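The chain below stands alone, shown as structure tokens; this is the form deposited in one PDB entry.
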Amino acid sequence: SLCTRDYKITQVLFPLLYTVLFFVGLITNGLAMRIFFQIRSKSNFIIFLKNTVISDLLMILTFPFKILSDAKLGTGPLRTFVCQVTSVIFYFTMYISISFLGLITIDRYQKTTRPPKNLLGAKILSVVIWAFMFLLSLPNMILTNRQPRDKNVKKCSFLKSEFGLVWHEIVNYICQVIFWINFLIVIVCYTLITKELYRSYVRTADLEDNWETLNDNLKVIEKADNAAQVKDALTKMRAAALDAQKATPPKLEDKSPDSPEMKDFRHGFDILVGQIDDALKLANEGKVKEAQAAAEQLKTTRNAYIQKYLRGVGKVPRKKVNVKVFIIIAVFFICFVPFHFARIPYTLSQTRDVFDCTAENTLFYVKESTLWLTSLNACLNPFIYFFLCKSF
């Protein structure tokens, strides 16, 4: 009552910040709807991605009501409407987005491990997420039935009934659980994909160590003047080559044993081992120069091409680098983590008259600032689909 909140910086900074996000958001999701809704829903990912684009658009359409109500220093019918309807829509569509981001992450993680009634399952799941958030949101709209007694007081908590304040606390608790379960899912999925990347790296580095062994021992043969040194190097080269021939590099992981990719990889080593074997036979006969000339045959255009090819097959592919799961984890840390940290103390100040005026106002400014970061997601989310061959 006696407490005053300074809205002079709020009425210039936030409507200006949200106006930018409204136009940036309309053009981003407009050029996402007209593209993604043309393509068919043949996978769960695209079903989840289509739900994400419309939940983004619903929360962007919420911004004009906010911009113009926050532009006014005092309360009014529009501020009451924001409190009761449009800002409630913002929150329930925000947790719809977080739910589908958690689902997209599970989907994308399961695709990395991978060597219709599931579309139905994804569709029913999509309906259940929307209906559930709507179920929680509806009493918040209905229990914001009180009129503002002081025209200078714009806080939604003063427009609420006793059970309205109770439900507000319950809803904000459930949403904290929805956030942290989805954040945990994203953290786990990211850690498992990152472990797989590090595992793919060591298998490539082990394989490349074999090539270094073979090429280092070839240098020894060139600078040698005796059959004992040539035989030693040739033996280590044969062992490195036969070791490398037994490997299943990340590019050959999901390939059939009788597939041409698997066959060319093994045959490439048979040609190089064969050349080492011919040079080793000569080294055993004490013919140093002849064994050096035959080992030097690995430097021919043909055998250098065979090496370059086999080494290329051993490299870590794009599949192992998941930019979609990294973007989602980046989005949770930037857009959602600060708001969810700022929320509980702010909810506590709204449901009980326990904090000092300046303490309350500080909690408001922090939640208002972090809520804006949360709104970037609606303008960021289409970039999970924007970086692929379909959009060039």
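The first residue of the shown sequence is 1; numbering continues from there. Heads up, when I say rigid core I mean the largest set of C-alphas that superpose within 1.5 Å between the two forms.
There is another form of this protein, the form deposited in another entry, and it is not shown here; the text below is about that form.
Query - 2 Å-or-more CA mover between this form and the one not shown, where superposition uses the core and the choices are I98, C189, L234, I104 - result: Looking at each option in turn, only one qualifies, and it is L234.
Query raised in the report: So, does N303 move by 2 Å or more at the CA between this form and the one not shown, with the core held fixed?
Result: The answer is yes, as the C-alpha of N303 shifts between this form and the one not shown by 2 Å or more after core alignment.
Query raised in the report: Does the C-alpha of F179 move 2 Å or more between this form and the one not shown once the rigid core is lined up?
Result: No; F179 is a residue whose C-alpha shifts by less than 2 Å between this form and the one not shown when the cores are overlaid.
Report task. Could you check whether the CA atom of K50 moves 2 Å or more between this form and the one not shown, using the rigid core for the fit? Result -> The answer is no, as the C-alpha of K50 shifts between this form and the one not shown by less than 2 Å after core alignment.
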